[PDB]
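Asker: partial complex here, more coming in a sec:
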Amino acid sequence: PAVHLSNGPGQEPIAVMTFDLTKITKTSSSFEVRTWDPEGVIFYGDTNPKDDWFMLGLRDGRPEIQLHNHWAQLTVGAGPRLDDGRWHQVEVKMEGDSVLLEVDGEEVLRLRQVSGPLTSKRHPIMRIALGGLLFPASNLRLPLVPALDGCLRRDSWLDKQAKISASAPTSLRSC
């Protein structure tokens, strides 16, 4: 059962979830995606949309990560083209101080020294948005057009035991 990653012309995400970082023990997510679209947002996350945020998307058909926090600020593309209309397995893992991206079972990117332990300075509420950003696309380090005409399935996001809230699922469209 797959859901569309874009619902109409607007750039708003199709789903938002909120997590308690003080309770999280699983810092990875996994999903399958299929698209003919070379550009868009797969997911966005933040503890503060001004000061601590990240984005996984596609640009020129390839994975792109942008992130901005006090440890690191970067815009990186990596991995194979995903816009070939086949299902691809994606996993994003925060391990130690590093973020790992795996595509179809292969590690394609490791961003080192981009994260740290949870400090009382870090706001302990993390949002995850699917298919869109929680700020205007112009606040990205490198703007793109967020709409991603693709399908998502088999998706697991961080640690369900730490989830505080999730948007209503009746706004979702089956593929």
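Answerer: In hand now; what should we look at? Numbers count the residues shown, from 1 in each chain, chains lettered A, B, ... in the order given.
Asker: how close does residue A:106 get to residue A:138?
Answerer: Per C-beta to C-beta, to the nearest Å, residue A:106 is found 33 Å from residue A:138. Any C-beta I mention is one placed from the backbone N, CA and C, and that applies to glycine too.
Asker: more neighbours, these two?
Answerer: Comparing residue A:106 with residue A:138 by other C-beta atoms under 10 Å, the one with more neighbours is residue A:106, at 10 against 6.
Asker: from residue A:99, how far out is that one?
Answerer: According to C-beta to C-beta, residue A:106 stands 16 Å off from residue A:99.
Asker: could you do residue A:132 as well?
Answerer: Distance from residue A:132 to residue A:99, by C-beta to C-beta: 20 Å.
Asker: which one's more surrounded, these two?
Answerer: Neighbour count, other C-beta under 10 Å: between residue A:132 and residue A:99, residue A:132 has more, with 26 against 23.
Asker: residue A:45 is in contact with that one, correct?
Answerer: No. The pair residue A:132 / residue A:45 is not scored as a contact, 11.9 Å apart, by C-beta atoms under 8 Å.
Asker: who's in contact with residue A:78?
Answerer: A:62, A:63, A:64, A:65, A:101, A:108, A:109 (C-beta atoms under 8 Å, 6 or more residues apart in numbering).
Asker: name the nearest residue to it, ignoring sequence neighbours.
Answerer: Nearest residue to residue A:78 in three dimensions, chain neighbours excluded: residue A:109, at 3.8 Å (C-beta to C-beta, 6 or more residues apart in numbering).
Asker: in contact with the spatially most central residue of chain A, which residues?
Answerer: Nearest to the mean C-alpha position of chain A, by C-alpha atoms, centre = their mean, lies residue A:43 at 2.8 Å. Residues in contact with residue A:43 (C-beta under 8 Å, 6+ apart) are A:29, A:55, A:56, A:128, A:129, A:130, A:131.
Asker: let's bring in chain B now:
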Amino acid sequence: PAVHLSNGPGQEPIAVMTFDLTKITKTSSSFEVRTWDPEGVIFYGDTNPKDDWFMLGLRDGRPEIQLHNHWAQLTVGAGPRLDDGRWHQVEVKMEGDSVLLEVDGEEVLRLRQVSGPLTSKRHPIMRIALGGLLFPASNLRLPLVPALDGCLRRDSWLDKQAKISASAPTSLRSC
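Answerer: Let me put chain B in with the others:
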């Protein structure tokens, strides 16, 4: 005709070249490498070893780039394992504000927004060192042991028309 990327126990590079950045028109390099060694430095470059430097190497058999300048500071791993004893084609290209890494004809990494135009503030003399760093390994963002027991061939470095000096080639060892 290939040359060894490590000459003895010391960590010093096997070759150094110097370029005039005011004259450079080709900002890419290409080479083939073969190694069973999972860790080490392939090349290092700088305009200032304190303030503006970069490194391409291997860690856990995979390409790693570290760079440190006023625009960007990062430590990133990407691409396939290269420590399988086969020759691999590598190309590193500075294009616009981005650095591209290609391995065996495939783009595996694009670091965006890491470079800018040549400004009078930027020291216009760039050094490139092969097989070692031009500072102690402890000054890396993430230390590694620089020695890379591998072989290098078919190597072209930046723009030979901008080259000011190059170390003596009789210190090189054939593979």
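Asker: let's see the contacts of residue A:78 again after adding chain B.
Answerer: A:62, A:63, A:64, A:65, A:101, A:108, A:109, B:78, B:108, B:109, B:110 (C-beta atoms under 8 Å, 6 or more residues apart in numbering or on different chains).
Asker: any idea how many residues pack against the third one?
Answerer: Under the neighbour criterion other C-beta atoms under 10 Å in any protein chain shown, residue A:64 is assigned a count of 25.
Asker: the second one too?
Answerer: The local packing count at residue A:63 equals 23, with neighbours defined by other C-beta under 10 Å.
Asker: what does the fourth one give?
Answerer: In terms of burial, residue A:65 registers 19 neighbours under the definition other C-beta under 10 Å.
Asker: give the full set of residues in contact with it.
Answerer: A:54, A:55, A:56, A:57, A:74, A:75, A:76, A:78, A:99, A:101, A:109, A:111.
Asker: try it again with 10 Å
Answerer: Neighbour list for residue A:65: A:54-57, A:74-78, A:92, A:99, A:101, A:109, A:111, A:114 [criterion: C-beta atoms under 10 Å, 6 or more residues apart in numbering or on different chains].
Asker: which of those residues has the largest number of neighbours?
Answerer: Of those, with other C-beta under 10 Å as the count, residue A:55 tops at 27 neighbours.
Asker: leaving out sequence neighbours, find the closest residue to residue A:108.
Answerer: Counting by C-beta to C-beta, 6 or more residues apart in numbering or on different chains, residue A:108 lies nearest to residue A:79, which is 3.6 Å off, once chain neighbours are set aside.
Asker: one more: residue A:165?
Answerer: residue A:18 (4.6 Å).
Asker: over to residue A:122?
Answerer: That would be residue A:47: by C-beta to C-beta, 6+ apart, it lies 6.0 Å from residue A:122.
Asker: mind checking how far that neighbour is from residue A:113?
Answerer: Counting by C-beta to C-beta, the gap from residue A:47 to residue A:113 is 18 Å.
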